[PDB]
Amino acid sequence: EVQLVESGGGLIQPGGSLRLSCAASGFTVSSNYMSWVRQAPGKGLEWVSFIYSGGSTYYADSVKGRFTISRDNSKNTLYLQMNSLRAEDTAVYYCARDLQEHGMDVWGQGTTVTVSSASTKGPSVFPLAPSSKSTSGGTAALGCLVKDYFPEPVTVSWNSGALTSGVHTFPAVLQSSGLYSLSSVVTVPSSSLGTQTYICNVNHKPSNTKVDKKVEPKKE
């Protein structure tokens, strides 16, 4: 089973250091070219660095002298040491097995790096409660408002994963307070409101906040 699994990203202050890890399975890191590629939020792909099969290393000009690529044979793992981080290093960082003229064929899922002076804050979770005006055999909507957290990202599930069809979890927006807010919604049968139980499962890993919220019609 051929895969790359990144880790080590997170929120870090300007000037701080981070070390990213890429654990390979299905090929030998020490025998391949490997690249790091990053993607600032809402931006394109930027190549960061690679290491050759035989050990030579190279770096994009924008990270020269601050970043260092390396690998550990015994752990089959690729690393990117990042020092003197600046706000514009904020990105998702992908690791990839590099075949040069034959492309980058295996990619990891990415690890998120946020460089900022702001501090972590977990979210509040408020109900978007289904309308009293909802049509008998029609469709009703309900959801969760996930408000005032830093930094990205949040994940949201419904009924622990049992309810997936009709779910819209929206891109977060940055409010003027510097904190994020997002809403996640579900369309369900109106006739299901009294019986079935709807619970959103919010998870904000940068602060180890977990919140379930039961969303029901408000009382009177």
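Residue positions are given as counts along the sequence shown, with the first one as 1.
Higher mean CA temperature factor, per the PDB entry, when comparing 129-137 with 145-153: 129-137. Per-stretch averaging of Cα B factors for 44-52 and 188-196 places 188-196 on top. Among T57, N159, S31, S35, the highest C-alpha B-factor recorded in the PDB entry belongs to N159. Sort the modelled residues of the chain by CA B factor and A118 lands in the highest third. In the deposited entry, the Cα temperature factor of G16 places it in the lowest third of its chain's modelled residues.
The deposited CA B-factor of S70 belongs to the lowest third of values across its chain. Compared with the other modelled residues of the chain, the Cα B-factor recorded for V63 ranks in the lowest third. Looking at the C-alpha B-factors along this chain, the one for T169 belongs to the lowest third.
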